[PDB]
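What follows is a set of notes on a single structure, which appears directly below.
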Amino acid sequence: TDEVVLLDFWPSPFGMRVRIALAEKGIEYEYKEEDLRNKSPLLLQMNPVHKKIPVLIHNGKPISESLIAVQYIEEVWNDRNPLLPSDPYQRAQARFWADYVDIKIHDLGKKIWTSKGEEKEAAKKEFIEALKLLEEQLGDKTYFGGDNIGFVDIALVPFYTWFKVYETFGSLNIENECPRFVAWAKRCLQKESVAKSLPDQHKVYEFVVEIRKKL
Amino acid sequence: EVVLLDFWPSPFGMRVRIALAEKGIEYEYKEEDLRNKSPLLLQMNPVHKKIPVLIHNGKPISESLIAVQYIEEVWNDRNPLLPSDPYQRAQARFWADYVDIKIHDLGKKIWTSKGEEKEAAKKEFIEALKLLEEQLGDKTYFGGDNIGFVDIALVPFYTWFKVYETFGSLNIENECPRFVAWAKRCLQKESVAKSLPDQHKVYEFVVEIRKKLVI
Ligand SMILES: N[C@@H](CCC(=O)N[C@@H](CSO)C(=O)NCC(=O)O)C(=O)O
Ligand SMILES: N[C@@H](CCC(=O)N[C@@H](CSO)C(=O)NCC(=O)O)C(=O)O
């Protein structure tokens, strides 16, 4: 049979990306939970360069880097549920905004709960600015992908699950500042592929309380 | 129909120059002064305000590797820059990504820092080059018998190696001879040779910058 395996860790927004892609495409796979404090031989063998999850393993061959795995999924299971545009220019723009998520949302978000004072103030400001820029791109559309979820939705909506982390350690009210963004995230969460892939905000928060205290 | 906003010593712009030459695409090159950014640059890449920007019929594509993929997809029936096989494509994207993480920033630290920080940058930089030599293997190019995505992503940084060698006090030629021989093979292709400035030109550009710095 055609074997699909996903090496993952439940609160990771990067893993959630690949979970959504597999679910949206209707692909049967085996989910394997890693302890990143005791990485399995499989993980170390499949992703020697980064030793990170997620890793997608397709008939024994690995694809590391979440957005690269999502693109691999789109290209191999290409006969349903398109996740990227077919127009080259629109595809370039989807790639651009997914890239933007990596560098702004993830990086700045991490500073909100791991930094302090003037630096943490900066990230809070810039983070809200990034959210606002993303709201502008969404505009009045149902999803970033338009009528269906696409590459940018998949890149971005997992970070919503970390919003209580950002809000609580950052003393931010994101819904007050960015209501369009929060309504969009809630729309995504009504889709089975997203609902089943994303942990509850409070579960992520309680997990981060435990790891942050050691920092 | 095709315009490129660029700055001649930027390795990122060099990627797009190689892609355009490989495909035989006629275009207008426009040199930007990044201390006095043009209204067109600010109009076309408002988000990052960086070069390169590819502009196709008035529509901008920013981020060098996204632009290279756009070029591959639109002018798709000659000189493939990426594999058709999805797994091989994912691996090319993986190693291009690795280049994006490592080379520019470590290289920059080599000529702008001092002390232990500088020696740590040197060490990590050579480690990255060696990992890339390993991936190249016995292949002519990263892309196999012709240049591909990873070659395009990486060879521009070779134009900066006299900068790294001189200010870093290291001999990349001795430490990484397989890497340097590969770069010299690339420079024998017309598309690469015409896109890449001489190492000596890049070195003298940086010489005049660096002598003004208090490090
Ligand atoms: N660019 C990559 C990032 C993956 C990542 O950070 N993964 C973490 C998840 S836990 O926070 C990871 O596996 N880290 C390994 C570790 O903490 O040792 C991608 O997009 O897949
Ligand atoms: N991720 C991008 C990086 C482009 C970049 O750094 N561009 C520099 C070139 S000069 O060092 C730039 O335009 N910087 C603008 C500035 O210094 O203001 C890409 O791959 O295209």
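Chain labels run A, B, ... following the order of the structure tokens; each chain numbers its residues from 1, and ligands are numbered from 1 in the order shown.
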
How close does chain B get to chain A? List, as JSON lines, each residue of chain B within 7 Å, its nearest atom pair and the distance in Å to one decimal, counting only C-alpha atoms.
{"residue": "B:61", "atom": "CA", "partner": "A:92", "partner_atom": "CA", "distance": 6.9}
{"residue": "B:66", "atom": "CA", "partner": "A:92", "partner_atom": "CA", "distance": 6.1}
{"residue": "B:70", "atom": "CA", "partner": "A:88", "partner_atom": "CA", "distance": 6.1}
{"residue": "B:73", "atom": "CA", "partner": "A:88", "partner_atom": "CA", "distance": 6.5}
{"residue": "B:74", "atom": "CA", "partner": "A:88", "partner_atom": "CA", "distance": 6.6}
{"residue": "B:86", "atom": "CA", "partner": "A:72", "partner_atom": "CA", "distance": 6.1}
{"residue": "B:90", "atom": "CA", "partner": "A:68", "partner_atom": "CA", "distance": 6.2}
{"residue": "B:93", "atom": "CA", "partner": "A:68", "partner_atom": "CA", "distance": 7.0}

Pull the closest atom pair for each residue of region 180-211 of chain A that gets at most 10 Å from region 147-155 of chain A, along with the distance in Å to one decimal, counting only C-alpha atoms, ordering rows by chain and then ascending residue number, as JSON lines.
{"residue": "A:184", "atom": "CA", "partner": "A:153", "partner_atom": "CA", "distance": 9.4}
{"residue": "A:185", "atom": "CA", "partner": "A:153", "partner_atom": "CA", "distance": 8.8}
{"residue": "A:188", "atom": "CA", "partner": "A:149", "partner_atom": "CA", "distance": 7.7}
{"residue": "A:191", "atom": "CA", "partner": "A:149", "partner_atom": "CA", "distance": 9.3}
{"residue": "A:194", "atom": "CA", "partner": "A:154", "partner_atom": "CA", "distance": 8.6}

All residues within 6 Å of ligand 1 are required, counting only C-alpha atoms and all ligand atoms; please report them as a ChimeraX atom specification.
/A:12,14,36,52-54,65-67

Selection file, N, CA and C atoms, as a PDB file, in the first residue's frame:
ATOM      1  N   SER A  12       2.677  22.095  18.179  1.00  0.00           N
ATOM      2  CA  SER A  12       3.502  22.786  17.206  1.00  0.00           C
ATOM      3  C   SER A  12       2.675  23.367  16.051  1.00  0.00           C
ATOM      4  N   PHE A  14       3.721  24.423  13.347  1.00  0.00           N
ATOM      5  CA  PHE A  14       4.287  23.916  12.086  1.00  0.00           C
ATOM      6  C   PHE A  14       3.708  22.551  11.714  1.00  0.00           C
ATOM      7  N   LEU A  36      10.370  15.663  22.010  1.00  0.00           N
ATOM      8  CA  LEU A  36      11.492  16.366  21.433  1.00  0.00           C
ATOM      9  C   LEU A  36      12.642  16.464  22.427  1.00  0.00           C
ATOM     10  N   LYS A  52      14.031  18.367  13.487  1.00  0.00           N
ATOM     11  CA  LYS A  52      12.775  19.038  13.860  1.00  0.00           C
ATOM     12  C   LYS A  52      11.553  18.292  13.312  1.00  0.00           C
ATOM     13  N   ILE A  53      10.405  18.448  13.978  1.00  0.00           N
ATOM     14  CA  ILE A  53       9.137  18.066  13.403  1.00  0.00           C
ATOM     15  C   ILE A  53       8.502  19.328  12.819  1.00  0.00           C
ATOM     16  N   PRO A  54       7.565  19.197  11.864  1.00  0.00           N
ATOM     17  CA  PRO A  54       7.060  17.943  11.308  1.00  0.00           C
ATOM     18  C   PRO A  54       8.004  17.314  10.281  1.00  0.00           C
ATOM     19  N   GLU A  65      10.409  20.403   6.671  1.00  0.00           N
ATOM     20  CA  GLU A  65      10.007  21.804   6.503  1.00  0.00           C
ATOM     21  C   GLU A  65       8.538  21.875   6.116  1.00  0.00           C
ATOM     22  N   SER A  66       7.743  22.351   7.075  1.00  0.00           N
ATOM     23  CA  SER A  66       6.279  22.267   6.981  1.00  0.00           C
ATOM     24  C   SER A  66       5.678  22.750   5.636  1.00  0.00           C
ATOM     25  N   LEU A  67       6.100  23.906   5.151  1.00  0.00           N
ATOM     26  CA  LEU A  67       5.511  24.465   3.925  1.00  0.00           C
ATOM     27  C   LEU A  67       5.966  23.707   2.709  1.00  0.00           C
TER      28      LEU A  67
END

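Closest approach to residue 157 (chain B) from the set B:197, B:80, B:60, B:137 is made by B:197, with distances taken over only C-alpha atoms.
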
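For the residues B:211, B:48, B:17, B:139, ranking by smallest atom-to-atom distance to ligand 2 using only C-alpha atoms and all ligand atoms places B:48 first.
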
Identify, with DSSP run on backbone atoms, the residues in region 77-156 of chain A assigned to helix (DSSP H, G or I), and express the list as a ChimeraX atom specification.
/A:88-114,117-138,151-156

Write out as a PyMOL selection string the residues lying within 10 Å of residue 102 (chain B), counting only C-alpha atoms and excluding same-chain residues fewer than 2 positions away.
chain B and resi 97-100+104-107+124-125+128-129

Store the residues picked out above in a file with N, CA, C and O atoms, as a short mmCIF file (atom, residue, chain, number, x, y, z; two decimals), in the first residue's frame.
data_model
loop_
_atom_site.label_atom_id
_atom_site.label_comp_id
_atom_site.auth_asym_id
_atom_site.auth_seq_id
_atom_site.Cartn_x
_atom_site.Cartn_y
_atom_site.Cartn_z
N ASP B 97 16.26 26.37 0.77
CA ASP B 97 15.89 26.90 2.08
C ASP B 97 17.09 26.93 3.04
O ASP B 97 17.30 27.94 3.74
N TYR B 98 17.85 25.84 3.06
CA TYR B 98 19.04 25.73 3.90
C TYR B 98 20.02 26.84 3.57
O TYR B 98 20.59 27.48 4.46
N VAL B 99 20.20 27.10 2.28
CA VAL B 99 21.06 28.22 1.86
C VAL B 99 20.54 29.57 2.37
O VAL B 99 21.30 30.40 2.87
N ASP B 100 19.23 29.78 2.27
CA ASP B 100 18.62 31.01 2.74
C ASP B 100 18.79 31.24 4.24
O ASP B 100 19.01 32.38 4.67
N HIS B 104 23.97 33.90 3.84
CA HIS B 104 24.05 35.36 3.88
C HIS B 104 24.43 35.85 5.28
O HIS B 104 25.35 36.65 5.43
N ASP B 105 23.73 35.37 6.30
CA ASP B 105 23.87 35.97 7.63
C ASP B 105 25.21 35.62 8.29
O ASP B 105 25.84 36.46 8.95
N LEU B 106 25.66 34.39 8.10
CA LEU B 106 26.94 33.98 8.66
C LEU B 106 28.07 34.70 7.93
O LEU B 106 29.01 35.20 8.54
N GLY B 107 27.97 34.76 6.60
CA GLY B 107 28.91 35.53 5.81
C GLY B 107 29.00 36.97 6.26
O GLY B 107 30.12 37.53 6.37
N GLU B 124 30.78 28.00 11.80
CA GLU B 124 29.44 27.57 11.35
C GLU B 124 29.34 27.70 9.83
O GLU B 124 28.70 26.87 9.16
N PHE B 125 29.94 28.74 9.28
CA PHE B 125 29.92 28.99 7.83
C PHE B 125 30.58 27.83 7.08
O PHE B 125 30.02 27.30 6.13
N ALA B 128 28.49 24.68 7.17
CA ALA B 128 27.37 24.75 6.20
C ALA B 128 27.85 24.42 4.78
O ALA B 128 27.23 23.65 4.05
N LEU B 129 28.97 25.00 4.37
CA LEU B 129 29.55 24.71 3.10
C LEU B 129 29.85 23.22 2.97
O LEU B 129 29.64 22.64 1.93
#
